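Written out below as structure tokens is the structure these notes cover.
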Amino acid sequence: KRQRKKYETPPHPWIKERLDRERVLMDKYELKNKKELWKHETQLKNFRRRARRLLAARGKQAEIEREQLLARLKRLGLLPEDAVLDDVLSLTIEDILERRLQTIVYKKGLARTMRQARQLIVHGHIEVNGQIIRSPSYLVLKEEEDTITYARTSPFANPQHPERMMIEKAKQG
Amino acid sequence: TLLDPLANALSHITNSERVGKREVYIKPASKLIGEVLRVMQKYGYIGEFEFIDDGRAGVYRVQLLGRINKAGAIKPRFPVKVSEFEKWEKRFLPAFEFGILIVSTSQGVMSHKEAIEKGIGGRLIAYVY
Amino acid sequence: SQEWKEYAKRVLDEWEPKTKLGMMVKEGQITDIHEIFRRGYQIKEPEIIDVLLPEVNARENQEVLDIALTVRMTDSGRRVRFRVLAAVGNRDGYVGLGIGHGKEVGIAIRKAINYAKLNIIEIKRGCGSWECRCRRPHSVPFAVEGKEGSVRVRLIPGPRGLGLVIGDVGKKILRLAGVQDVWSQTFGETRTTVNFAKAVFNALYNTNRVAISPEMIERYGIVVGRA
Amino acid sequence: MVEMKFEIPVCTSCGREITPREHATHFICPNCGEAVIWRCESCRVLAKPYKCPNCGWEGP
Amino acid sequence: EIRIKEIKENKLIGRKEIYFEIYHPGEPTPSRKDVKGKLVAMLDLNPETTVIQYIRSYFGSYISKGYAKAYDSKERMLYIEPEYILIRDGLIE
Amino acid sequence: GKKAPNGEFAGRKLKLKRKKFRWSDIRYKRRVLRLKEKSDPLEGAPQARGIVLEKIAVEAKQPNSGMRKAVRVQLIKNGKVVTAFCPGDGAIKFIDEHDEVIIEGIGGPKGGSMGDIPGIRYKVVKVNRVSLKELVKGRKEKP
RNA sequence: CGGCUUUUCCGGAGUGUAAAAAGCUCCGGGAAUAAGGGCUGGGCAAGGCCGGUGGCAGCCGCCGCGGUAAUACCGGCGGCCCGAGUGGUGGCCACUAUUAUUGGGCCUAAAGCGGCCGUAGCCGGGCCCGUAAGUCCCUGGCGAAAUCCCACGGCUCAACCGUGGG
């Protein structure tokens, strides 16, 4: 046995439609490589395959797996608390990308621009539930979402950090 | 030589439907054929069906309601368990629960849906949709 | 919408009707597109259909599938001609295909557009998948087959958001028809895009042909025409 | 979004529905004058007989 | 700041196992001597009989995990404990 | 007629028929008999080391016209002699008699001759443990 | 142009070794401070100008370009893809319904034996009684672990590992 990549490369690299769509997603969300996007899309496809297999299965094990799948998806915040097994097929990549650490902190207004958010996360200025995490590609659970704050020892815990008032003004502006 | 009455009967039914004939006569009126004719009638594909005492093998008379896209006989009578239905059902029904398969089981020749409801395996004999 | 009615008003004010179908669409008697289809009438004035379906005039809803250059040889030159395979369809289950001959590309495109307008057909849509079963017209209601040339195309219902699993030509054809997901299986030469497009059109048209019981309509939420 | 579920014509001689681009025909009953018979192309070309549902009148 | 999360007494061995957190926000990882001298205070142990096994600093965490032992007689460590840990704690030259 | 056999209890003839007509395929037939492994001068090596014997110009197939430079190489692995193309522009100057060259496949259809050049099968990659690509580019220097 | 962070570098402290080693983690000084590879006629469509070579040099996965303005050779400019990677060669699978049980063909494209008999093999009319071998359902022992999938938990997340289910 050898371990295997968790992401699936696209079947054809030079399709104009996919190229432009991925480019738009890249520019909006500003990932470093298409590798991250492909990893996220592979996660999406995994969830969709699980839903497909479960929808056609009868048995106690199928029910337990279905409940667990819905529980995890709700835990991620990707679905409402009254979600069913049908709408999961309607999930898109953008739902996942909205749940990214970088996307969440930027939506939490701690960065003027999400690239600056990526820098802050990398340099360890952003803590999750009091614990730091240096992967912007990390996926943030719903429960974690309210505990996202600046790292305590980092200067950004200081309200007077010169970049901090610019951050807060751009948030206000 | 007539190796099988059932497949011939179903082929005749389909060919009659396609042109649009009103009444169909099945020459080797076997018991299994009669049990078969009961099934899709119970599911409304056909109307009344009757037996005729011909003195050779009898003849089965049916009238066509124009509601049978295609009917045939799954020939090598594959034994199927309760869980393996969707495998064969994906092979012979155009869509999900579109049409019915017919299974010869311990409790008789009878519809695949009810067999799932009874949870009993058997041997596929024919398909129609 | 309001723009579409505005164009309907313009083409009503201009187009004098000739055929028999023209008046009871210029007189307000007919209001549904499928009112043409149900009675088995015929269409030879494209101006009729856009009066009921102005959405054709959108640029996105009209596709050019192929441009081909056919060479009629002659004793004093290789006189060429453009054949345009085009498809015009709204995104609510009505679509048509056409082939236009032209001395120039532009005239070929115009004639192809008109012929695709005249070959408009209604469509059945549903959720026949063994997985989705959502009772919404995202896919075909059931497995169907179309044939043309050596091309045989079997469309099978596919789960929601799968994406059109078919070649690009069929991708465009099913895109303009208001259908979103499908499994495809092709046999023969798919390279000749004209025959492939015709086979897909045959499959979509055959979608109507199947006999249907009232229960399965509620089962699959079948939509015939406009969703 | 009110559903405009129409009524697809159904040919009397067979009971099948009529495809949009078929060369079927609809006509008032030539005997009773009350019922409109629909007749699809498959029935028409083969000229298999049709029966009126009102007076029972029959005719190819 | 030291917060003990577990104190297990191994009656068979005669030792108190000590599992603890140390809060050192914005500070280096504390030295062994300082943590030993702080630990002995509120538990009233003999420094010679007490040995600190490990002090692991979790990544990006200002709370460090520490594990130590506190025996009863001076012979138990010599007979039982690895010779190297005392050398780390300096109880052996 | 209909495809046969189809009986429930005719597994043997089905299997035997499939085995019988699988040999008619050429890919599977080649793989099982390992014919390439018997015929390969490289004996299954994607890359091989050899010694140049001489330099030859070969005419490209019509309608193309050109004088393609290449080198005959005596293989160290088994002694058999094969001809290898020299890619790049003017690369033949860098190559000399009695030069330790490293060659690989040329990439033609079925691993055969590529492009308009017929009969050739291999191209020269390295010479004296220095790569031809840089030498034609001139970035590195031959020893 | 102004402001800001600390990837690296230096020091200390822990673990660390049963020994350093890992520089692993924490704190401290301090600085903008590690980036290429291939392609750029079409099949790949992803990308257009300039100079040189001129049936030569050459390129080319295949189709093809070069016989003097070369969007295809070479070089410059510009552009496209991927990226701490990226190209060249060889093998297996898919591509391929070109191995066809699902699911290929056999009049003219490769393929019906020239025909007939018949052993084995394969496939076989209808009704009723019987056995229950195949078959279908239930049920007990069994098919090592790891590896597969899933939820939860530990290493910052993950990779990895434990717990529970299949």
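Order determines the names: the first chain of the structure tokens is A, the second B, and so forth; residues in each chain are numbered 1 upward, and ligands are numbered 1 upward as they are shown.
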Among stretch 8-156 of chain A, which residues carry a DSSP assignment of alpha helix (DSSP H), reported as a short mmCIF file (atom, residue, chain, number, x, y, z; two decimals) with N, CA and C atoms, in the first residue's frame?
```
data_model
loop_
_atom_site.label_atom_id
_atom_site.label_comp_id
_atom_site.auth_asym_id
_atom_site.auth_seq_id
_atom_site.Cartn_x
_atom_site.Cartn_y
_atom_site.Cartn_z
N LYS A 16 -12.37 25.49 -22.20
CA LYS A 16 -12.50 26.92 -21.96
C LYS A 16 -13.49 27.21 -20.84
N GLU A 17 -14.63 26.52 -20.84
CA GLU A 17 -15.65 26.80 -19.84
C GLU A 17 -15.12 26.54 -18.43
N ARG A 18 -14.56 25.36 -18.21
CA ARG A 18 -14.01 25.04 -16.89
C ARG A 18 -12.87 25.97 -16.56
N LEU A 19 -12.02 26.28 -17.54
CA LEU A 19 -10.91 27.19 -17.31
C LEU A 19 -11.40 28.52 -16.77
N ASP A 20 -12.38 29.12 -17.46
CA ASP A 20 -12.86 30.43 -17.06
C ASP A 20 -13.59 30.38 -15.73
N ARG A 21 -14.39 29.34 -15.51
CA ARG A 21 -15.10 29.24 -14.24
C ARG A 21 -14.12 29.12 -13.08
N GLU A 22 -13.13 28.25 -13.22
CA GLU A 22 -12.12 28.10 -12.18
C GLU A 22 -11.33 29.38 -12.00
N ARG A 23 -11.06 30.10 -13.09
CA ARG A 23 -10.32 31.35 -12.98
C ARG A 23 -11.12 32.39 -12.20
N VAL A 24 -12.43 32.47 -12.46
CA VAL A 24 -13.27 33.39 -11.72
C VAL A 24 -13.28 33.03 -10.25
N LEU A 25 -13.43 31.74 -9.94
CA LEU A 25 -13.39 31.31 -8.55
C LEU A 25 -12.05 31.63 -7.91
N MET A 26 -10.97 31.40 -8.65
CA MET A 26 -9.63 31.68 -8.15
C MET A 26 -9.50 33.15 -7.77
N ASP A 27 -9.87 34.03 -8.69
CA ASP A 27 -9.73 35.46 -8.47
C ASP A 27 -10.64 35.96 -7.36
N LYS A 28 -11.86 35.45 -7.27
CA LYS A 28 -12.74 35.89 -6.19
C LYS A 28 -12.20 35.46 -4.84
N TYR A 29 -11.88 34.18 -4.69
CA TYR A 29 -11.49 33.63 -3.40
C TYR A 29 -9.99 33.61 -3.18
N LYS A 34 -4.68 25.94 -7.98
CA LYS A 34 -5.86 25.17 -8.30
C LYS A 34 -5.91 23.85 -7.54
N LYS A 35 -4.79 23.44 -6.93
CA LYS A 35 -4.79 22.24 -6.12
C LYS A 35 -5.79 22.34 -4.98
N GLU A 36 -5.85 23.49 -4.32
CA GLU A 36 -6.79 23.65 -3.21
C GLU A 36 -8.22 23.54 -3.71
N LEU A 37 -8.53 24.20 -4.82
CA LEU A 37 -9.87 24.14 -5.37
C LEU A 37 -10.24 22.72 -5.75
N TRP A 38 -9.30 21.99 -6.34
CA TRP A 38 -9.58 20.62 -6.74
C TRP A 38 -9.78 19.73 -5.52
N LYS A 39 -9.02 19.96 -4.46
CA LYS A 39 -9.26 19.24 -3.21
C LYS A 39 -10.67 19.49 -2.70
N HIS A 40 -11.10 20.75 -2.70
CA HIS A 40 -12.43 21.05 -2.21
C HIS A 40 -13.50 20.42 -3.08
N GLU A 41 -13.33 20.47 -4.40
CA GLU A 41 -14.29 19.83 -5.28
C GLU A 41 -14.32 18.33 -5.07
N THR A 42 -13.17 17.72 -4.79
CA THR A 42 -13.15 16.29 -4.49
C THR A 42 -13.93 16.00 -3.22
N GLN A 43 -13.81 16.86 -2.21
CA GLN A 43 -14.62 16.70 -1.01
C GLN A 43 -16.10 16.75 -1.35
N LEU A 44 -16.48 17.72 -2.19
CA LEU A 44 -17.87 17.82 -2.62
C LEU A 44 -18.32 16.52 -3.27
N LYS A 45 -17.52 16.02 -4.21
CA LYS A 45 -17.89 14.79 -4.92
C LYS A 45 -17.99 13.62 -3.96
N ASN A 46 -17.14 13.57 -2.94
CA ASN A 46 -17.24 12.49 -1.96
C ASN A 46 -18.58 12.54 -1.24
N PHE A 47 -18.97 13.73 -0.80
CA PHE A 47 -20.26 13.85 -0.11
C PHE A 47 -21.40 13.47 -1.04
N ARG A 48 -21.32 13.91 -2.30
CA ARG A 48 -22.38 13.58 -3.25
C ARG A 48 -22.45 12.09 -3.53
N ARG A 49 -21.30 11.41 -3.64
CA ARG A 49 -21.32 9.97 -3.84
C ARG A 49 -21.94 9.27 -2.64
N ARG A 50 -21.60 9.72 -1.43
CA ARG A 50 -22.19 9.11 -0.25
C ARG A 50 -23.70 9.28 -0.26
N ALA A 51 -24.18 10.48 -0.62
CA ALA A 51 -25.62 10.70 -0.71
C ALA A 51 -26.25 9.80 -1.76
N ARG A 52 -25.61 9.68 -2.92
CA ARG A 52 -26.14 8.83 -3.98
C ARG A 52 -26.28 7.39 -3.51
N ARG A 53 -25.21 6.83 -2.95
CA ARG A 53 -25.24 5.45 -2.50
C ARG A 53 -26.30 5.26 -1.42
N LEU A 54 -26.40 6.21 -0.50
CA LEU A 54 -27.34 6.04 0.60
C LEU A 54 -28.79 6.17 0.16
N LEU A 55 -29.07 6.99 -0.85
CA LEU A 55 -30.46 7.19 -1.24
C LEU A 55 -31.09 5.92 -1.79
N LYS A 60 -30.60 -1.04 8.21
CA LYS A 60 -30.26 -0.26 9.40
C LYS A 60 -28.93 0.45 9.22
N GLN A 61 -27.94 -0.23 8.65
CA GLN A 61 -26.64 0.41 8.43
C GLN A 61 -26.79 1.61 7.52
N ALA A 62 -27.61 1.50 6.48
CA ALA A 62 -27.85 2.64 5.60
C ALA A 62 -28.45 3.81 6.37
N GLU A 63 -29.42 3.53 7.24
CA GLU A 63 -30.03 4.61 8.02
C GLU A 63 -29.01 5.28 8.92
N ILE A 64 -28.18 4.48 9.60
CA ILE A 64 -27.19 5.06 10.51
C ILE A 64 -26.20 5.92 9.74
N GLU A 65 -25.73 5.41 8.60
CA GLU A 65 -24.79 6.18 7.79
C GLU A 65 -25.43 7.47 7.29
N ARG A 66 -26.70 7.40 6.90
CA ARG A 66 -27.40 8.58 6.43
C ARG A 66 -27.49 9.63 7.53
N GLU A 67 -27.88 9.20 8.73
CA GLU A 67 -27.96 10.13 9.85
C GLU A 67 -26.61 10.74 10.15
N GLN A 68 -25.55 9.93 10.13
CA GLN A 68 -24.22 10.45 10.40
C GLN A 68 -23.79 11.45 9.34
N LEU A 69 -24.08 11.17 8.07
CA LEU A 69 -23.73 12.10 7.00
C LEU A 69 -24.42 13.44 7.21
N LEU A 70 -25.72 13.40 7.49
CA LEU A 70 -26.44 14.65 7.72
C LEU A 70 -25.90 15.37 8.94
N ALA A 71 -25.56 14.63 10.00
CA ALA A 71 -25.03 15.24 11.20
C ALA A 71 -23.73 15.96 10.92
N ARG A 72 -22.82 15.32 10.19
CA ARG A 72 -21.55 15.98 9.88
C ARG A 72 -21.78 17.19 8.99
N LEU A 73 -22.63 17.06 7.98
CA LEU A 73 -22.85 18.19 7.08
C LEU A 73 -23.42 19.38 7.83
N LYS A 74 -24.37 19.13 8.74
CA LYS A 74 -24.87 20.21 9.58
C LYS A 74 -23.77 20.76 10.48
N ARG A 75 -22.91 19.89 11.01
CA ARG A 75 -21.82 20.35 11.86
C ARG A 75 -20.92 21.33 11.11
N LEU A 76 -20.63 21.04 9.85
CA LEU A 76 -19.86 21.95 9.02
C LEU A 76 -20.57 23.27 8.77
N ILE A 93 -19.69 24.16 -4.96
CA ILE A 93 -18.36 24.41 -4.43
C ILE A 93 -18.35 25.67 -3.58
N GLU A 94 -19.11 26.68 -3.99
CA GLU A 94 -19.10 27.96 -3.29
C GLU A 94 -19.58 27.83 -1.86
N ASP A 95 -20.45 26.87 -1.57
CA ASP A 95 -20.84 26.63 -0.19
C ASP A 95 -19.63 26.23 0.64
N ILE A 96 -18.79 25.36 0.10
CA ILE A 96 -17.58 24.95 0.81
C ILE A 96 -16.62 26.11 0.93
N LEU A 97 -16.36 26.81 -0.17
CA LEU A 97 -15.39 27.89 -0.14
C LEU A 97 -15.81 29.00 0.81
N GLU A 98 -17.12 29.19 0.99
CA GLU A 98 -17.57 30.14 2.00
C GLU A 98 -17.17 29.70 3.40
N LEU A 101 -11.45 28.80 6.28
CA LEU A 101 -10.93 29.65 7.34
C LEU A 101 -10.65 31.05 6.81
N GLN A 102 -9.96 31.15 5.68
CA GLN A 102 -9.66 32.45 5.09
C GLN A 102 -10.93 33.21 4.77
N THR A 103 -11.88 32.55 4.12
CA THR A 103 -13.12 33.21 3.76
C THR A 103 -13.87 33.68 5.00
N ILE A 104 -13.86 32.87 6.05
CA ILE A 104 -14.61 33.23 7.25
C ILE A 104 -13.96 34.42 7.95
N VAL A 105 -12.64 34.41 8.11
CA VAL A 105 -12.00 35.52 8.80
C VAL A 105 -12.16 36.80 8.00
N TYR A 106 -12.05 36.71 6.67
CA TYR A 106 -12.26 37.90 5.86
C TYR A 106 -13.69 38.40 6.00
N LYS A 107 -14.66 37.48 6.00
CA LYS A 107 -16.04 37.86 6.27
C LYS A 107 -16.22 38.34 7.70
N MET A 114 -8.78 39.51 1.43
CA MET A 114 -8.62 38.12 1.84
C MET A 114 -7.20 37.60 1.65
N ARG A 115 -6.41 38.22 0.77
CA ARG A 115 -4.99 37.86 0.72
C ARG A 115 -4.30 38.25 2.01
N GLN A 116 -4.61 39.43 2.54
CA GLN A 116 -4.11 39.82 3.84
C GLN A 116 -4.60 38.86 4.92
N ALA A 117 -5.83 38.36 4.78
CA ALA A 117 -6.30 37.34 5.71
C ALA A 117 -5.44 36.09 5.63
N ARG A 118 -5.08 35.68 4.41
CA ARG A 118 -4.22 34.51 4.27
C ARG A 118 -2.88 34.73 4.96
N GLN A 119 -2.31 35.93 4.79
CA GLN A 119 -1.06 36.22 5.48
C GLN A 119 -1.24 36.14 6.99
N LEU A 120 -2.32 36.72 7.50
CA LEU A 120 -2.53 36.72 8.94
C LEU A 120 -2.65 35.30 9.47
N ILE A 121 -3.39 34.45 8.76
CA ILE A 121 -3.56 33.07 9.20
C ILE A 121 -2.22 32.34 9.16
N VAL A 122 -1.46 32.53 8.08
CA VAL A 122 -0.17 31.86 7.96
C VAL A 122 0.74 32.27 9.11
#
```
Query raised in the report: Which polymer residues have any atom within 12 Å of an atom of stretch 75-82 of chain G, counting only C-alpha atoms (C1' of nucleotides), with same-chain residues fewer than 2 positions away left out, as a ChimeraX atom specification?
Result: /A:9,12-16,19,23,32-35 /F:137 /G:36-40,45-53,73,84-87
Should the cut-off be 12 Å, what would the residue list for chain C against chain G look like, counting only C-alpha atoms (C1' of nucleotides), as a compact mmCIF listing (two decimals) with C-alpha atoms, in the first residue's frame?
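Written output follows (result-v2.txt):
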```txt
# COMPACT_ATOMS: atom_id res chain seq x y z
CA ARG C 152 -27.65 5.64 -31.48
CA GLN C 185 -24.43 6.12 -23.91
CA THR C 186 -23.53 6.43 -27.59
CA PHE C 187 -22.97 3.84 -30.31
CA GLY C 188 -21.57 4.49 -33.76
```
Query - Selection: 12 Å around residue F:59, only C-alpha atoms (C1' of nucleotides), excl. self and same-chain fewer than 2 positions, as a list in words - result: residues 56, 57, 61, 62, 63, 64, 65, 66, 67, 68, 69, 70, 116, 117, 118, 119 and 120 of chain F; 55 of chain G
Query raised in the report: What does the distance between atom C1' of residue G:155 and atom CA of residue A:123 come to in Å, to one decimal place?
Result: 20.7 Å
Query raised in the report: Could you pull out all residues of stretch 36-166 of chain A with a DSSP call of strand (DSSP E or B) and give them as a list in words?
Result: residues 100, 126, 127, 128, 131, 132, 139, 148, 149 and 150 of chain A
Query raised in the report: In Å to one decimal, how far is atom CA of residue A:59 from atom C1' of residue G:145?
Result: 28.0 Å
Using only C-alpha atoms, find each residue of chain E with at least one atom at most 9 Å away from an atom of chain A; report its shortest atom-to-atom pair and that distance in Å (one decimal), sort the rows by chain and rising residue number, and return the result as a tab-separated table.
```
residue	atom	partner	partner_atom	distance
E:25	CA	A:153	CA	7.2
E:26	CA	A:153	CA	5.5
E:59	CA	A:132	CA	8.3
E:60	CA	A:132	CA	5.4
E:61	CA	A:131	CA	6.3
E:62	CA	A:131	CA	8.9
```
If you keep C-alpha atoms, can you produce a file of those selected residues as a PDB file, in the first residue's frame?
```
ATOM      1  CA  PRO E  25       1.174  32.960  27.780  1.00  0.00           C
ATOM      2  CA  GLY E  26       3.644  35.051  25.818  1.00  0.00           C
ATOM      3  CA  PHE E  59       2.204  23.708  18.823  1.00  0.00           C
ATOM      4  CA  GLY E  60       0.683  27.167  18.842  1.00  0.00           C
ATOM      5  CA  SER E  61      -0.499  26.566  22.407  1.00  0.00           C
ATOM      6  CA  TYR E  62       0.412  28.734  25.387  1.00  0.00           C
TER       7      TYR E  62
END
```
Report task. Return the single residue from B:3, B:24, B:101, B:65 that is closest to chain D, with distances computed using only C-alpha atoms. Result -> B:65
**Report entry** Long-range neighbours of stretch 130-135 of chain F as a ChimeraX atom specification, 10 Å cut-off, only C-alpha atoms (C1' of nucleotides), 6 positions minimum in chain
**Finding:** /F:86-89,91-92,94-95,100-102,124,141-143
If you keep C-alpha atoms, can you produce a file of those selected residues as a PDB file, in the first residue's frame?
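Below you can see selection.pdb, which holds the result:
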```pdb
ATOM      1  CA  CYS F  86      20.091  13.323 -32.442  1.00  0.00           C
ATOM      2  CA  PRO F  87      17.410  15.911 -31.557  1.00  0.00           C
ATOM      3  CA  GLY F  88      17.932  19.648 -31.466  1.00  0.00           C
ATOM      4  CA  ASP F  89      19.558  21.841 -34.086  1.00  0.00           C
ATOM      5  CA  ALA F  91      23.526  18.641 -32.278  1.00  0.00           C
ATOM      6  CA  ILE F  92      25.654  16.267 -34.379  1.00  0.00           C
ATOM      7  CA  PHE F  94      28.615  17.865 -30.085  1.00  0.00           C
ATOM      8  CA  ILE F  95      28.546  14.088 -30.607  1.00  0.00           C
ATOM      9  CA  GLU F 100      29.243   7.188 -24.079  1.00  0.00           C
ATOM     10  CA  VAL F 101      25.689   8.077 -25.107  1.00  0.00           C
ATOM     11  CA  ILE F 102      22.431   7.466 -23.255  1.00  0.00           C
ATOM     12  CA  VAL F 124      20.189  10.347 -27.970  1.00  0.00           C
ATOM     13  CA  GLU F 141      29.598  21.867 -21.597  1.00  0.00           C
ATOM     14  CA  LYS F 142      30.620  18.393 -22.713  1.00  0.00           C
ATOM     15  CA  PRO F 143      33.484  16.762 -20.781  1.00  0.00           C
TER      16      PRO F 143
END
```
**Report entry** Pairwise distance for atom CA of residue E:86 and atom CA of residue E:57, rounded to one decimal in Å
**Finding:**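 Taking atom CA of residue E:86 as the start and atom CA of residue E:57 as the end point, the length is 20.8 Å.
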